[PDB]
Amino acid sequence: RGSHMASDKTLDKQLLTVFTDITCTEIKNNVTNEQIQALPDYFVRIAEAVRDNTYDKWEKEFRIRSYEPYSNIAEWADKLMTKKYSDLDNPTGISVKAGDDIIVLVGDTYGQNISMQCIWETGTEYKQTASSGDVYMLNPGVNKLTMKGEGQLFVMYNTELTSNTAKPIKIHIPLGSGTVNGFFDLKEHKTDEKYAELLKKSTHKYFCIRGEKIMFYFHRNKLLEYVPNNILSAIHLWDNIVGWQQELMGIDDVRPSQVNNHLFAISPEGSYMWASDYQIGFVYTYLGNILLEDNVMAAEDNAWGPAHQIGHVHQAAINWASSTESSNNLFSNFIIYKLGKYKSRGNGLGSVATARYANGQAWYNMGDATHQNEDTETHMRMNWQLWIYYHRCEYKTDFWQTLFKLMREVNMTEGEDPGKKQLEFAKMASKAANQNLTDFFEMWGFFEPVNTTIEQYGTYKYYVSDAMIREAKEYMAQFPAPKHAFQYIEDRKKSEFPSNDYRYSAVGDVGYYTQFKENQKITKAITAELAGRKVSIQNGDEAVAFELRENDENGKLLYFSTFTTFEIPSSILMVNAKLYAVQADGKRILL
């Protein structure tokens, strides 16, 4: 009002004489009905509603909201070495049609820059919810947005969360601007009753459900088909699944304090299931196996499939080309374990003996001579043994969290140099355990030289030289000897499976995890009887494996088995070979 100041713009001057602030949610003291009626008609209707209490309560719950801040997704995908999470953390619950004019009244923004985004559909061969849409700049105060297209509105508020300007921003989308669809928020709305009511009153093709860690944005008519009246067990289940994967990654230091974005599940009208940057997807005809917990638990693969897909979002730090369809199964297997119904997936260690010692294979071509067709069933046991030993047997219950930390320090992309990355993984695993895991990684094929090109979502030079191998072994040798020969570990018993299940014959007779956990010792008088190439072990059930070694127990590994009866392959050289039993702690006993 001094001469030094520019006048306020015209509408701002008028609104701020009737209303407490530019959000127009409260009538200022001693304003008259005449002052209300001199407003533009659009704002008359709102002043009226705010003066009287005629704002439909349902409408108000979404038309007036304070939007909390969320972190930036590109920044955190880089720092955490993941695929990008969603930035659709902030639904408004308002839908629109092309040509709609939308008034958006933005309160104090504390210097933050925010926008509004309209999210609809994409696809050529079928349709799915898009990961982005029309973006509209927002400024503090009055905004009029004219919709280029239909969809639902999301507030885009992404910033540094620690800063004390990172506060919620109050935004009023008043009456007459678009359509209230609503959305369900777990913490705010709390109950299945509230969910059922919100869904009922919604009208849009899609309805948004916001959990703590994951969000659903699924076809309305499917939610009505499968879960008309309940969402809580569905949303808690998928929150837990995402949370359990996050647990292993050792990121509690930054989540939720600095990174808080959700994963965002859509329902494409095609494909099957997948995860990538910005969104994960479940074909809309499959949604019965997502939204009902009983369907999730009714078959092994109903939790496995989705867990696997989400694991792709999280694998990069510890993954490298050749492993891309197995390394995420650390997460799939952790989720099966957590849910408590089924046993772990993967081949048995016989597959690894066969690959390594019968066929001369290394990690990159383990069970795959083609170098482009990963034997995921064999590979997936590697990360999982590390979990079974350090976590399930409790020898180091923060092993994985530590290894993820170290691999994030290593900061190698999955594809830049996989031959080097496999060694960095072995070195960091040793560092994480504070143990020399040479024997483990030797068995798993990490110490064979490679010079070739593989294909796995791209062509990659795979190069592992003797010097790299020597450097890594020297590196790992600085740590104390491991307490157990847990390269022979299992978390499954033959009797847990039907006889035509692939695991029944695969898993072997010895090496079960309790033998490691109870530091079992071999006391009985083990003996071996050989006939041709066939080996039979008598009273050897206290062992965890049997080895064939050149010259003595410190010589090269020629073959191994976790069965008490096995054949030695034709290819193995027998002169100078000797046979041993392995007890859990790594003592070898001549047979």
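One-based numbering along the sequence shown.
Higher average CA B factor: 185-193, of the stretches 358-366 and 185-193. Between 16-24 and 567-575, the higher mean Cα B-factor belongs to 567-575. Remark: of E377, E160, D491, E442, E160 shows the highest value [criterion: C-alpha B-factor in the PDB entry]. As recorded in the PDB entry, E225 shows the highest C-alpha B-factor of the residues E225, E325, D417, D239. Residue-level temperature factors show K341 in the middle third of its chain, judged at the C-alpha atom. Remark: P174 belongs to the middle third of its chain, ranked by C-alpha B-factor as recorded. Per the deposited record, the Cα B-factor of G348 falls in the lowest third when ranked against the other modelled residues of its chain.
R381: CA B factor lies in the lowest third for its chain, per the PDB record.
Annotation for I119: C-alpha temperature factor in the lowest third relative to the rest of the modelled chain, per the entry.
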